[PDB]
Structures are given as structure tokens and as C-alpha cells.
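Asker: Sharing entry04.cif below, mmCIF, N, CA and C atoms (P, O5', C5', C4', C3', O3' and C1' of nucleotides):
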```
data_upload
loop_
_atom_site.label_atom_id
_atom_site.label_comp_id
_atom_site.auth_asym_id
_atom_site.auth_seq_id
_atom_site.Cartn_x
_atom_site.Cartn_y
_atom_site.Cartn_z
N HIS O 199 -15.66 3.66 12.73
CA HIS O 199 -14.24 3.47 12.44
C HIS O 199 -13.82 4.39 11.30
N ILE O 200 -12.90 5.31 11.58
CA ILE O 200 -12.47 6.26 10.57
C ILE O 200 -11.28 5.76 9.75
N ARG O 201 -11.50 5.46 8.48
CA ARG O 201 -10.42 4.92 7.65
C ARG O 201 -9.63 6.02 6.95
N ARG O 202 -8.40 5.69 6.56
CA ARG O 202 -7.50 6.63 5.88
C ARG O 202 -8.10 7.21 4.60
N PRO O 203 -7.67 8.43 4.23
CA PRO O 203 -8.06 9.02 2.95
C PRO O 203 -7.36 8.31 1.79
N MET O 204 -8.08 8.08 0.70
CA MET O 204 -7.54 7.32 -0.42
C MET O 204 -6.39 8.03 -1.10
N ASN O 205 -5.42 7.25 -1.55
CA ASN O 205 -4.29 7.77 -2.29
C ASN O 205 -4.71 8.13 -3.71
N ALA O 206 -3.78 8.61 -4.52
CA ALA O 206 -4.11 8.97 -5.89
C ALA O 206 -4.22 7.70 -6.73
N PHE O 207 -3.23 6.83 -6.57
CA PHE O 207 -3.21 5.55 -7.26
C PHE O 207 -4.31 4.63 -6.72
N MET O 208 -4.79 4.90 -5.52
CA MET O 208 -5.90 4.13 -4.96
C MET O 208 -7.20 4.47 -5.69
N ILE O 209 -7.40 5.76 -5.96
CA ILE O 209 -8.55 6.21 -6.73
C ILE O 209 -8.46 5.68 -8.16
N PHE O 210 -7.27 5.83 -8.75
CA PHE O 210 -6.96 5.25 -10.05
C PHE O 210 -7.36 3.78 -10.13
N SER O 211 -6.83 3.00 -9.19
CA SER O 211 -7.11 1.57 -9.10
C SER O 211 -8.60 1.29 -8.97
N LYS O 212 -9.28 2.06 -8.13
CA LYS O 212 -10.72 1.91 -7.97
C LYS O 212 -11.45 2.11 -9.29
N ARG O 213 -10.98 3.05 -10.09
CA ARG O 213 -11.65 3.37 -11.36
C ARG O 213 -11.26 2.45 -12.53
N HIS O 214 -10.12 1.77 -12.43
CA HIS O 214 -9.60 1.05 -13.59
C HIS O 214 -9.35 -0.45 -13.38
N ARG O 215 -9.59 -0.94 -12.16
CA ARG O 215 -9.26 -2.32 -11.81
C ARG O 215 -10.10 -3.30 -12.63
N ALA O 216 -11.41 -3.07 -12.64
CA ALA O 216 -12.34 -3.84 -13.47
C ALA O 216 -11.92 -3.87 -14.94
N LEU O 217 -11.58 -2.70 -15.47
CA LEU O 217 -11.10 -2.58 -16.85
C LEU O 217 -9.90 -3.48 -17.10
N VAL O 218 -8.88 -3.35 -16.25
CA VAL O 218 -7.67 -4.14 -16.37
C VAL O 218 -8.01 -5.63 -16.32
N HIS O 219 -9.02 -5.97 -15.54
CA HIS O 219 -9.44 -7.37 -15.42
C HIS O 219 -10.13 -7.87 -16.69
N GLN O 220 -10.97 -7.02 -17.29
CA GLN O 220 -11.65 -7.35 -18.54
C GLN O 220 -10.70 -7.44 -19.73
N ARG O 221 -9.61 -6.68 -19.66
CA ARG O 221 -8.70 -6.56 -20.80
C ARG O 221 -7.52 -7.50 -20.63
N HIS O 222 -7.48 -8.17 -19.48
CA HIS O 222 -6.60 -9.30 -19.26
C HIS O 222 -7.48 -10.41 -18.70
N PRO O 223 -8.18 -11.12 -19.61
CA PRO O 223 -9.20 -12.16 -19.48
C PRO O 223 -9.41 -12.73 -18.08
N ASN O 224 -8.65 -13.77 -17.73
CA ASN O 224 -8.84 -14.46 -16.46
C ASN O 224 -7.63 -14.41 -15.53
N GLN O 225 -6.91 -13.30 -15.58
CA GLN O 225 -5.72 -13.10 -14.75
C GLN O 225 -6.01 -13.05 -13.25
N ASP O 226 -4.93 -13.09 -12.47
CA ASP O 226 -4.99 -12.97 -11.01
C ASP O 226 -5.12 -11.49 -10.65
N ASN O 227 -5.85 -11.18 -9.58
CA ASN O 227 -6.08 -9.79 -9.19
C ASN O 227 -4.82 -9.10 -8.65
N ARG O 228 -3.70 -9.81 -8.69
CA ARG O 228 -2.46 -9.30 -8.16
C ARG O 228 -1.62 -8.94 -9.37
N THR O 229 -1.85 -9.69 -10.44
CA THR O 229 -1.27 -9.35 -11.72
C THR O 229 -2.11 -8.19 -12.24
N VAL O 230 -3.39 -8.19 -11.89
CA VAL O 230 -4.26 -7.05 -12.15
C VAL O 230 -3.71 -5.81 -11.44
N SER O 231 -3.33 -5.96 -10.17
CA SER O 231 -2.69 -4.86 -9.45
C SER O 231 -1.40 -4.37 -10.13
N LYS O 232 -0.55 -5.31 -10.54
CA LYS O 232 0.70 -4.97 -11.24
C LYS O 232 0.44 -4.17 -12.52
N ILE O 233 -0.42 -4.71 -13.37
CA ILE O 233 -0.81 -4.03 -14.61
C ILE O 233 -1.38 -2.65 -14.32
N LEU O 234 -2.13 -2.53 -13.23
CA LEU O 234 -2.64 -1.22 -12.82
C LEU O 234 -1.49 -0.27 -12.52
N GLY O 235 -0.42 -0.80 -11.93
CA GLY O 235 0.76 -0.01 -11.67
C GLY O 235 1.42 0.44 -12.97
N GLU O 236 1.48 -0.47 -13.93
CA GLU O 236 2.00 -0.16 -15.26
C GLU O 236 1.20 0.95 -15.93
N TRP O 237 -0.12 0.84 -15.86
CA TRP O 237 -1.02 1.84 -16.41
C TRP O 237 -0.80 3.18 -15.73
N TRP O 238 -0.46 3.13 -14.45
CA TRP O 238 -0.27 4.35 -13.67
C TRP O 238 1.03 5.05 -14.08
N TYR O 239 2.08 4.27 -14.32
CA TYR O 239 3.33 4.87 -14.81
C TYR O 239 3.17 5.39 -16.24
N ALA O 240 2.40 4.68 -17.06
CA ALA O 240 2.29 5.03 -18.47
C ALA O 240 1.24 6.11 -18.67
N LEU O 241 0.65 6.56 -17.57
CA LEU O 241 -0.32 7.64 -17.60
C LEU O 241 0.41 8.97 -17.71
N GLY O 242 -0.14 9.89 -18.49
CA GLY O 242 0.47 11.19 -18.67
C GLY O 242 0.16 12.06 -17.46
N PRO O 243 1.06 13.01 -17.15
CA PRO O 243 0.90 13.96 -16.04
C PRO O 243 -0.43 14.71 -16.13
N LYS O 244 -0.94 14.78 -17.36
CA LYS O 244 -2.24 15.36 -17.68
C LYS O 244 -3.34 14.88 -16.75
N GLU O 245 -3.46 13.57 -16.61
CA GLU O 245 -4.53 12.97 -15.83
C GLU O 245 -4.02 12.52 -14.46
N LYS O 246 -2.71 12.30 -14.36
CA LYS O 246 -2.10 11.97 -13.08
C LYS O 246 -2.29 13.12 -12.08
N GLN O 247 -2.18 14.35 -12.56
CA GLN O 247 -2.43 15.50 -11.69
C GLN O 247 -3.93 15.75 -11.51
N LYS O 248 -4.74 14.97 -12.22
CA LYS O 248 -6.18 15.00 -12.06
C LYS O 248 -6.55 14.08 -10.92
N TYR O 249 -5.92 12.91 -10.90
CA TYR O 249 -6.12 11.96 -9.81
C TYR O 249 -5.53 12.58 -8.55
N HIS O 250 -4.45 13.35 -8.73
CA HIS O 250 -3.84 14.08 -7.63
C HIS O 250 -4.80 15.12 -7.07
N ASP O 251 -5.48 15.85 -7.96
CA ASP O 251 -6.46 16.84 -7.50
C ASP O 251 -7.63 16.16 -6.78
N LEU O 252 -8.03 14.99 -7.27
CA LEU O 252 -9.07 14.20 -6.62
C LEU O 252 -8.65 13.79 -5.21
N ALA O 253 -7.41 13.33 -5.07
CA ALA O 253 -6.89 12.93 -3.77
C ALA O 253 -6.85 14.11 -2.80
N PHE O 254 -6.50 15.28 -3.32
CA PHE O 254 -6.50 16.49 -2.49
C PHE O 254 -7.91 16.85 -2.02
N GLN O 255 -8.86 16.77 -2.93
CA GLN O 255 -10.24 17.14 -2.63
C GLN O 255 -10.90 16.16 -1.66
N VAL O 256 -10.49 14.89 -1.71
CA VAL O 256 -10.99 13.91 -0.75
C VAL O 256 -10.32 14.11 0.62
N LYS O 257 -9.04 14.49 0.58
CA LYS O 257 -8.27 14.68 1.80
C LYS O 257 -8.79 15.86 2.61
N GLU O 258 -9.11 16.97 1.93
CA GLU O 258 -9.67 18.13 2.62
C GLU O 258 -10.98 17.80 3.35
N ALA O 259 -11.88 17.12 2.66
CA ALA O 259 -13.18 16.83 3.24
C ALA O 259 -13.07 15.71 4.26
N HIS O 260 -11.92 15.05 4.30
CA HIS O 260 -11.70 14.06 5.34
C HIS O 260 -11.11 14.72 6.58
N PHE O 261 -10.27 15.73 6.37
CA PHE O 261 -9.72 16.43 7.52
C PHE O 261 -10.69 17.45 8.09
N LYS O 262 -11.82 17.68 7.43
CA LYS O 262 -12.82 18.54 8.06
C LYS O 262 -14.08 17.76 8.48
N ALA O 263 -14.42 16.68 7.78
CA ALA O 263 -15.58 15.89 8.21
C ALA O 263 -15.16 14.97 9.35
N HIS O 264 -13.87 15.00 9.65
CA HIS O 264 -13.30 14.31 10.79
C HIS O 264 -12.17 15.18 11.33
N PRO O 265 -12.48 16.00 12.35
CA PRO O 265 -11.44 16.78 13.02
C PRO O 265 -10.70 15.91 14.02
N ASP O 266 -9.42 16.18 14.24
CA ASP O 266 -8.60 15.41 15.16
C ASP O 266 -8.63 13.95 14.74
N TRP O 267 -8.03 13.68 13.59
CA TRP O 267 -7.85 12.32 13.09
C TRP O 267 -6.40 12.15 12.70
N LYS O 268 -5.80 11.02 13.04
CA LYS O 268 -4.38 10.88 12.83
C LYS O 268 -4.02 9.63 12.03
N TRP O 269 -2.87 9.67 11.37
CA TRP O 269 -2.36 8.51 10.65
C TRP O 269 -1.73 7.53 11.63
N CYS O 270 -2.58 6.89 12.43
CA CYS O 270 -2.11 5.98 13.47
C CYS O 270 -1.84 4.56 12.97
N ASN O 271 -0.58 4.16 13.05
CA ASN O 271 -0.17 2.81 12.68
C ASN O 271 0.18 1.99 13.92
N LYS O 272 -0.53 0.88 14.14
CA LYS O 272 -0.26 0.05 15.30
C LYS O 272 0.88 -0.93 15.02
"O5'" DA L 1 -19.37 -19.00 7.27
"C5'" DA L 1 -18.27 -19.88 7.04
"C4'" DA L 1 -16.98 -19.28 7.58
"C3'" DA L 1 -16.86 -17.77 7.42
"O3'" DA L 1 -15.94 -17.27 8.37
"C1'" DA L 1 -15.31 -18.82 6.00
P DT L 2 -16.02 -15.75 8.87
"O5'" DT L 2 -14.52 -15.43 9.32
"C5'" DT L 2 -13.67 -16.49 9.73
"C4'" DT L 2 -12.25 -16.30 9.23
"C3'" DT L 2 -11.80 -14.84 9.10
"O3'" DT L 2 -10.55 -14.68 9.75
"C1'" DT L 2 -11.29 -16.04 7.13
P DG L 3 -9.84 -13.24 9.85
"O5'" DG L 3 -8.56 -13.39 8.92
"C5'" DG L 3 -7.49 -14.24 9.33
"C4'" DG L 3 -6.56 -14.55 8.16
"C3'" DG L 3 -5.63 -13.42 7.77
"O3'" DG L 3 -4.30 -13.91 7.62
"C1'" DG L 3 -6.95 -14.09 5.89
P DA L 4 -3.08 -12.90 7.33
"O5'" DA L 4 -2.73 -13.16 5.80
"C5'" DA L 4 -2.22 -14.42 5.39
"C4'" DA L 4 -1.79 -14.41 3.94
"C3'" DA L 4 -0.82 -13.30 3.56
"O3'" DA L 4 0.01 -13.74 2.49
"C1'" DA L 4 -2.85 -12.96 2.41
P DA L 5 1.57 -13.38 2.48
"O5'" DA L 5 1.77 -12.60 1.10
"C5'" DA L 5 1.31 -13.20 -0.10
"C4'" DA L 5 0.84 -12.15 -1.10
"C3'" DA L 5 1.64 -10.84 -1.13
"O3'" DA L 5 2.02 -10.58 -2.47
"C1'" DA L 5 -0.66 -10.40 -1.06
P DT L 6 3.48 -10.00 -2.84
"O5'" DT L 6 3.28 -9.43 -4.32
"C5'" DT L 6 2.20 -9.92 -5.11
"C4'" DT L 6 1.45 -8.79 -5.78
"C3'" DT L 6 1.98 -7.41 -5.51
"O3'" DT L 6 3.07 -7.13 -6.40
"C1'" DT L 6 -0.42 -7.45 -5.49
P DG L 7 4.03 -5.87 -6.16
"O5'" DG L 7 3.12 -4.61 -6.53
"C5'" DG L 7 2.86 -4.28 -7.88
"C4'" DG L 7 1.83 -3.17 -7.96
"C3'" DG L 7 2.27 -1.86 -7.33
"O3'" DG L 7 3.00 -1.09 -8.26
"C1'" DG L 7 0.08 -2.44 -6.59
P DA L 8 3.94 0.11 -7.74
"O5'" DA L 8 2.93 1.30 -7.43
"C5'" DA L 8 2.89 2.42 -8.28
"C4'" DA L 8 2.25 3.61 -7.60
"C3'" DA L 8 3.22 4.58 -6.93
"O3'" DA L 8 2.76 5.91 -7.08
"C1'" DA L 8 1.74 3.69 -5.31
P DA L 9 3.72 7.15 -6.74
"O5'" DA L 9 3.24 7.61 -5.28
"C5'" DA L 9 1.85 7.75 -5.02
"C4'" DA L 9 1.61 8.18 -3.58
"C3'" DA L 9 2.75 8.97 -2.94
"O3'" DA L 9 2.20 10.00 -2.14
"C1'" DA L 9 2.24 7.10 -1.61
P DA L 10 2.87 11.46 -2.15
"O5'" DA L 10 2.13 12.23 -0.97
"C5'" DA L 10 0.75 12.00 -0.70
"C4'" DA L 10 0.54 11.63 0.76
"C3'" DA L 10 1.35 12.47 1.74
"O3'" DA L 10 0.54 12.87 2.84
"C1'" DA L 10 1.75 10.18 2.12
P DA L 11 1.08 13.99 3.85
"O5'" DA L 11 1.42 13.18 5.19
"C5'" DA L 11 0.44 12.33 5.77
"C4'" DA L 11 1.07 11.41 6.80
"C3'" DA L 11 2.29 11.99 7.51
"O3'" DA L 11 1.88 12.74 8.63
"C1'" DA L 11 2.65 9.69 6.88
"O5'" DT V 1 10.07 -0.91 8.38
"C5'" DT V 1 8.96 -1.73 8.04
"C4'" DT V 1 7.73 -1.33 8.83
"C3'" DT V 1 6.45 -2.06 8.45
"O3'" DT V 1 5.59 -2.14 9.57
"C1'" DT V 1 6.25 0.23 7.86
P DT V 2 4.30 -3.11 9.53
"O5'" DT V 2 3.08 -2.10 9.39
"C5'" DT V 2 2.89 -1.08 10.35
"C4'" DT V 2 2.06 0.05 9.78
"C3'" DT V 2 0.71 -0.36 9.21
"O3'" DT V 2 -0.33 0.10 10.06
"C1'" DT V 2 1.82 1.28 7.85
P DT V 3 -1.82 -0.49 9.92
"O5'" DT V 3 -2.38 0.24 8.62
"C5'" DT V 3 -3.54 1.05 8.70
"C4'" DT V 3 -3.78 1.73 7.37
"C3'" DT V 3 -4.78 1.01 6.47
"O3'" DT V 3 -5.80 1.90 6.08
"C1'" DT V 3 -2.86 1.63 5.26
P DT V 4 -6.97 2.31 7.10
"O5'" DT V 4 -8.12 2.84 6.14
"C5'" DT V 4 -8.39 2.14 4.94
"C4'" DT V 4 -8.00 2.94 3.71
"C3'" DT V 4 -8.54 2.41 2.40
"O3'" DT V 4 -9.87 2.90 2.19
"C1'" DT V 4 -6.28 3.22 2.19
P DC V 5 -11.09 1.88 1.94
"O5'" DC V 5 -10.67 1.33 0.49
"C5'" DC V 5 -10.55 2.21 -0.61
"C4'" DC V 5 -10.95 1.51 -1.90
"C3'" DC V 5 -11.97 0.39 -1.75
"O3'" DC V 5 -12.76 0.32 -2.93
"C1'" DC V 5 -9.90 -0.52 -2.48
P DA V 6 -13.82 -0.86 -3.13
"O5'" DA V 6 -12.96 -2.03 -3.79
"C5'" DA V 6 -12.63 -1.97 -5.16
"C4'" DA V 6 -11.83 -3.19 -5.57
"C3'" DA V 6 -12.59 -4.51 -5.40
"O3'" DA V 6 -12.56 -5.24 -6.60
"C1'" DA V 6 -10.44 -4.63 -4.39
P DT V 7 -13.74 -6.28 -6.91
"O5'" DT V 7 -13.01 -7.71 -6.91
"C5'" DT V 7 -11.73 -7.85 -7.51
"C4'" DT V 7 -11.06 -9.13 -7.05
"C3'" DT V 7 -12.01 -10.17 -6.44
"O3'" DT V 7 -11.63 -11.47 -6.88
"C1'" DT V 7 -10.25 -9.78 -4.99
P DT V 8 -12.53 -12.28 -7.93
"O5'" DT V 8 -11.56 -13.45 -8.42
"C5'" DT V 8 -10.49 -13.16 -9.31
"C4'" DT V 8 -9.16 -13.63 -8.74
"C3'" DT V 8 -9.05 -15.14 -8.50
"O3'" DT V 8 -7.89 -15.65 -9.17
"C1'" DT V 8 -8.35 -13.93 -6.58
P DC V 9 -7.71 -17.23 -9.40
"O5'" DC V 9 -6.85 -17.70 -8.14
"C5'" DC V 9 -5.60 -17.08 -7.87
"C4'" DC V 9 -5.19 -17.29 -6.43
"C3'" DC V 9 -5.17 -18.74 -5.95
"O3'" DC V 9 -3.84 -19.11 -5.60
"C1'" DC V 9 -6.07 -17.28 -4.33
P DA V 10 -3.44 -20.66 -5.43
"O5'" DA V 10 -2.99 -20.76 -3.90
"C5'" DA V 10 -2.28 -19.69 -3.29
"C4'" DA V 10 -2.49 -19.68 -1.79
"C3'" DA V 10 -2.50 -21.06 -1.12
"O3'" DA V 10 -1.73 -21.02 0.07
"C1'" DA V 10 -4.43 -19.87 -0.52
P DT V 11 -1.30 -22.38 0.81
"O5'" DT V 11 -1.99 -22.26 2.26
"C5'" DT V 11 -2.07 -21.00 2.91
"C4'" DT V 11 -3.09 -21.02 4.04
"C3'" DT V 11 -3.21 -22.36 4.78
"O3'" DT V 11 -3.04 -22.15 6.18
"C1'" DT V 11 -5.34 -21.51 4.21
#
```
Show the structure stored in the file as C-alpha cells.
Answerer:
Amino acid sequence: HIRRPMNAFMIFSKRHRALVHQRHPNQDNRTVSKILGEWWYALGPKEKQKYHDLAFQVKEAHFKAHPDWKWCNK
DNA sequence: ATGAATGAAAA
DNA sequence: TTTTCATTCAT
């Protein structure tokens, strides 16, 4: 099963979700998601375009390690 | 034990 | 609107 290439904020979330959870004691993982969104807005273009470069580099190797793959929504 | 909903974005 | 990750919470 070929899954979609990760977004930029998806990579961000993967790298910082645990952190947000540790730094907001026993919160809900949806408030964790929200705070992750806040962190993403408050992030400087400096690293935002780094996560963007990461998303590009994952996307290329997804469009070549899987030829003829489409964004199919049922 | 299985599904819902929280977040950004490219499609 | 859909879905990529993750996961508490609700069912």
C-alpha cells in the first residue's frame, strides 16, 4: 500500500509532538496538535524552509521510488 | 479492540 | 475534501 508523501508540517509534527507533550504535562493529543500548529506559525522562515526542503526531498524519492502514483481520494 | 478528531498543505 | 503521523479519548 503506497501512502502519501509527508507534508512539511507533518514532518515538523513528527519531530516535535513528543516535545509538545512533555512541555504540556498531561494534555490531550489534540491540544498537542493545536500547540504544534502554534509552534509552526511561531517558527521562523529560517527553519520552515528547512522543513520545506525536507518535504521536497521526501517527495522526489517518493515520485521515483514509486512511478505512476497518484493523489487518489475516494 | 476499533475508530474519531486535532493540527497545515499540496492535490 | 482528501490524506499523510501520532495518540488520547470516546465508542
Asker: Mind listing the alpha helix (DSSP H) residues of chain O, per DSSP on the backbone, as a compact mmCIF listing (two decimals) with N, CA and C atoms, in the coordinates of the input?
Answerer:
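Output (part_7.txt):
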```txt
# COMPACT_ATOMS: atom_id res chain seq x y z
N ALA O 206 -3.78 8.61 -4.52
CA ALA O 206 -4.11 8.97 -5.89
C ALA O 206 -4.22 7.70 -6.73
N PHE O 207 -3.23 6.83 -6.57
CA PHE O 207 -3.21 5.55 -7.26
C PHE O 207 -4.31 4.63 -6.72
N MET O 208 -4.79 4.90 -5.52
CA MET O 208 -5.90 4.13 -4.96
C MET O 208 -7.20 4.47 -5.69
N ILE O 209 -7.40 5.76 -5.96
CA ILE O 209 -8.55 6.21 -6.73
C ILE O 209 -8.46 5.68 -8.16
N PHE O 210 -7.27 5.83 -8.75
CA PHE O 210 -6.96 5.25 -10.05
C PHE O 210 -7.36 3.78 -10.13
N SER O 211 -6.83 3.00 -9.19
CA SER O 211 -7.11 1.57 -9.10
C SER O 211 -8.60 1.29 -8.97
N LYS O 212 -9.28 2.06 -8.13
CA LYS O 212 -10.72 1.91 -7.97
C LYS O 212 -11.45 2.11 -9.29
N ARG O 213 -10.98 3.05 -10.09
CA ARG O 213 -11.65 3.37 -11.36
C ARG O 213 -11.26 2.45 -12.53
N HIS O 214 -10.12 1.77 -12.43
CA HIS O 214 -9.60 1.05 -13.59
C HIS O 214 -9.35 -0.45 -13.38
N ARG O 215 -9.59 -0.94 -12.16
CA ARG O 215 -9.26 -2.32 -11.81
C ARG O 215 -10.10 -3.30 -12.63
N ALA O 216 -11.41 -3.07 -12.64
CA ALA O 216 -12.34 -3.84 -13.47
C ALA O 216 -11.92 -3.87 -14.94
N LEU O 217 -11.58 -2.70 -15.47
CA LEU O 217 -11.10 -2.58 -16.85
C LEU O 217 -9.90 -3.48 -17.10
N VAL O 218 -8.88 -3.35 -16.25
CA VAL O 218 -7.67 -4.14 -16.37
C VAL O 218 -8.01 -5.63 -16.32
N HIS O 219 -9.02 -5.97 -15.54
CA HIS O 219 -9.44 -7.37 -15.42
C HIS O 219 -10.13 -7.87 -16.69
N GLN O 220 -10.97 -7.02 -17.29
CA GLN O 220 -11.65 -7.35 -18.54
C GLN O 220 -10.70 -7.44 -19.73
N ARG O 221 -9.61 -6.68 -19.66
CA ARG O 221 -8.70 -6.56 -20.80
C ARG O 221 -7.52 -7.50 -20.63
N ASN O 227 -5.85 -11.18 -9.58
CA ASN O 227 -6.08 -9.79 -9.19
C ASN O 227 -4.82 -9.10 -8.65
N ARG O 228 -3.70 -9.81 -8.69
CA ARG O 228 -2.46 -9.30 -8.16
C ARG O 228 -1.62 -8.94 -9.37
N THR O 229 -1.85 -9.69 -10.44
CA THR O 229 -1.27 -9.35 -11.72
C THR O 229 -2.11 -8.19 -12.24
N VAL O 230 -3.39 -8.19 -11.89
CA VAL O 230 -4.26 -7.05 -12.15
C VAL O 230 -3.71 -5.81 -11.44
N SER O 231 -3.33 -5.96 -10.17
CA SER O 231 -2.69 -4.86 -9.45
C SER O 231 -1.40 -4.37 -10.13
N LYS O 232 -0.55 -5.31 -10.54
CA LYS O 232 0.70 -4.97 -11.24
C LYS O 232 0.44 -4.17 -12.52
N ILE O 233 -0.42 -4.71 -13.37
CA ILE O 233 -0.81 -4.03 -14.61
C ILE O 233 -1.38 -2.65 -14.32
N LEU O 234 -2.13 -2.53 -13.23
CA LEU O 234 -2.64 -1.22 -12.82
C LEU O 234 -1.49 -0.27 -12.52
N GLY O 235 -0.42 -0.80 -11.93
CA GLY O 235 0.76 -0.01 -11.67
C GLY O 235 1.42 0.44 -12.97
N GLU O 236 1.48 -0.47 -13.93
CA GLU O 236 2.00 -0.16 -15.26
C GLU O 236 1.20 0.95 -15.93
N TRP O 237 -0.12 0.84 -15.86
CA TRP O 237 -1.02 1.84 -16.41
C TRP O 237 -0.80 3.18 -15.73
N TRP O 238 -0.46 3.13 -14.45
CA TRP O 238 -0.27 4.35 -13.67
C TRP O 238 1.03 5.05 -14.08
N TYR O 239 2.08 4.27 -14.32
CA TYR O 239 3.33 4.87 -14.81
C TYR O 239 3.17 5.39 -16.24
N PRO O 243 1.06 13.01 -17.15
CA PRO O 243 0.90 13.96 -16.04
C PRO O 243 -0.43 14.71 -16.13
N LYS O 244 -0.94 14.78 -17.36
CA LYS O 244 -2.24 15.36 -17.68
C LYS O 244 -3.34 14.88 -16.75
N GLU O 245 -3.46 13.57 -16.61
CA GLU O 245 -4.53 12.97 -15.83
C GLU O 245 -4.02 12.52 -14.46
N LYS O 246 -2.71 12.30 -14.36
CA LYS O 246 -2.10 11.97 -13.08
C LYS O 246 -2.29 13.12 -12.08
N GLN O 247 -2.18 14.35 -12.56
CA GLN O 247 -2.43 15.50 -11.69
C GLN O 247 -3.93 15.75 -11.51
N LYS O 248 -4.74 14.97 -12.22
CA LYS O 248 -6.18 15.00 -12.06
C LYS O 248 -6.55 14.08 -10.92
N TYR O 249 -5.92 12.91 -10.90
CA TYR O 249 -6.12 11.96 -9.81
C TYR O 249 -5.53 12.58 -8.55
N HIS O 250 -4.45 13.35 -8.73
CA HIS O 250 -3.84 14.08 -7.63
C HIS O 250 -4.80 15.12 -7.07
N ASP O 251 -5.48 15.85 -7.96
CA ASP O 251 -6.46 16.84 -7.50
C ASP O 251 -7.63 16.16 -6.78
N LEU O 252 -8.03 14.99 -7.27
CA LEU O 252 -9.07 14.20 -6.62
C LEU O 252 -8.65 13.79 -5.21
N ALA O 253 -7.41 13.33 -5.07
CA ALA O 253 -6.89 12.93 -3.77
C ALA O 253 -6.85 14.11 -2.80
N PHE O 254 -6.50 15.28 -3.32
CA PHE O 254 -6.50 16.49 -2.49
C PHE O 254 -7.91 16.85 -2.02
N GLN O 255 -8.86 16.77 -2.93
CA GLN O 255 -10.24 17.14 -2.63
C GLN O 255 -10.90 16.16 -1.66
N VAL O 256 -10.49 14.89 -1.71
CA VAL O 256 -10.99 13.91 -0.75
C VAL O 256 -10.32 14.11 0.62
N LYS O 257 -9.04 14.49 0.58
CA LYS O 257 -8.27 14.68 1.80
C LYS O 257 -8.79 15.86 2.61
N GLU O 258 -9.11 16.97 1.93
CA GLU O 258 -9.67 18.13 2.62
C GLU O 258 -10.98 17.80 3.35
N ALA O 259 -11.88 17.12 2.66
CA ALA O 259 -13.18 16.83 3.24
C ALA O 259 -13.07 15.71 4.26
N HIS O 260 -11.92 15.05 4.30
CA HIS O 260 -11.70 14.06 5.34
C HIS O 260 -11.11 14.72 6.58
N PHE O 261 -10.27 15.73 6.37
CA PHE O 261 -9.72 16.43 7.52
C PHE O 261 -10.69 17.45 8.09
N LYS O 262 -11.82 17.68 7.43
CA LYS O 262 -12.82 18.54 8.06
C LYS O 262 -14.08 17.76 8.48
N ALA O 263 -14.42 16.68 7.78
CA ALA O 263 -15.58 15.89 8.21
C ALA O 263 -15.16 14.97 9.35
```
Asker: Return as a compact mmCIF listing (two decimals) with N, CA and C atoms, in the coordinates of the input the set of residues that the PyMOL selection byres (((chain O and resi 250-267 and name CA+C1') around 9) and name CA+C1') yields on the displayed structure.
Answerer:
```txt
# COMPACT_ATOMS: atom_id res chain seq x y z
N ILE O 200 -12.90 5.31 11.58
CA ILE O 200 -12.47 6.26 10.57
C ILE O 200 -11.28 5.76 9.75
N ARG O 202 -8.40 5.69 6.56
CA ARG O 202 -7.50 6.63 5.88
C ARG O 202 -8.10 7.21 4.60
N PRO O 203 -7.67 8.43 4.23
CA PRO O 203 -8.06 9.02 2.95
C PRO O 203 -7.36 8.31 1.79
N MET O 204 -8.08 8.08 0.70
CA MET O 204 -7.54 7.32 -0.42
C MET O 204 -6.39 8.03 -1.10
N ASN O 205 -5.42 7.25 -1.55
CA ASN O 205 -4.29 7.77 -2.29
C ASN O 205 -4.71 8.13 -3.71
N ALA O 206 -3.78 8.61 -4.52
CA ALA O 206 -4.11 8.97 -5.89
C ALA O 206 -4.22 7.70 -6.73
N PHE O 207 -3.23 6.83 -6.57
CA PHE O 207 -3.21 5.55 -7.26
C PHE O 207 -4.31 4.63 -6.72
N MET O 208 -4.79 4.90 -5.52
CA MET O 208 -5.90 4.13 -4.96
C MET O 208 -7.20 4.47 -5.69
N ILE O 209 -7.40 5.76 -5.96
CA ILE O 209 -8.55 6.21 -6.73
C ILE O 209 -8.46 5.68 -8.16
N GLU O 245 -3.46 13.57 -16.61
CA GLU O 245 -4.53 12.97 -15.83
C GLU O 245 -4.02 12.52 -14.46
N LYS O 246 -2.71 12.30 -14.36
CA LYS O 246 -2.10 11.97 -13.08
C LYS O 246 -2.29 13.12 -12.08
N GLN O 247 -2.18 14.35 -12.56
CA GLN O 247 -2.43 15.50 -11.69
C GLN O 247 -3.93 15.75 -11.51
N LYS O 248 -4.74 14.97 -12.22
CA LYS O 248 -6.18 15.00 -12.06
C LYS O 248 -6.55 14.08 -10.92
N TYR O 249 -5.92 12.91 -10.90
CA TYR O 249 -6.12 11.96 -9.81
C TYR O 249 -5.53 12.58 -8.55
N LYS O 268 -5.80 11.02 13.04
CA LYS O 268 -4.38 10.88 12.83
C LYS O 268 -4.02 9.63 12.03
N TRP O 269 -2.87 9.67 11.37
CA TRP O 269 -2.36 8.51 10.65
C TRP O 269 -1.73 7.53 11.63
N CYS O 270 -2.58 6.89 12.43
CA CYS O 270 -2.11 5.98 13.47
C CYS O 270 -1.84 4.56 12.97
```
Asker: Can you list every residue of chain O that has an atom at most 5 Å from chain L, with its nearest atom pair and the distance in Å to one decimal, using all atoms listed in the file, ordered by chain then number, as JSON lines?
Answerer:
```
{"residue": "O:228", "atom": "CA", "partner": "L:6", "partner_atom": "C1'", "distance": 3.8}
{"residue": "O:231", "atom": "C", "partner": "L:7", "partner_atom": "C4'", "distance": 4.1}
{"residue": "O:232", "atom": "CA", "partner": "L:7", "partner_atom": "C4'", "distance": 3.9}
{"residue": "O:235", "atom": "CA", "partner": "L:7", "partner_atom": "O3'", "distance": 4.2}
```
Asker: Would you please work out which residue, of O:244, O:201, O:221, O:215, is nearest to chain V when using all atoms listed in the file?
Answerer: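 Among the listed residues, the smallest separation from chain V belongs to O:201.
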Asker: Starting from chain V, keep only residues with some atom at most 7 Å from an atom of chain O, counting only C-alpha atoms (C1' of nucleotides), and report them as a PyMOL selection string.
Answerer: chain V and resi 2-5+7-8
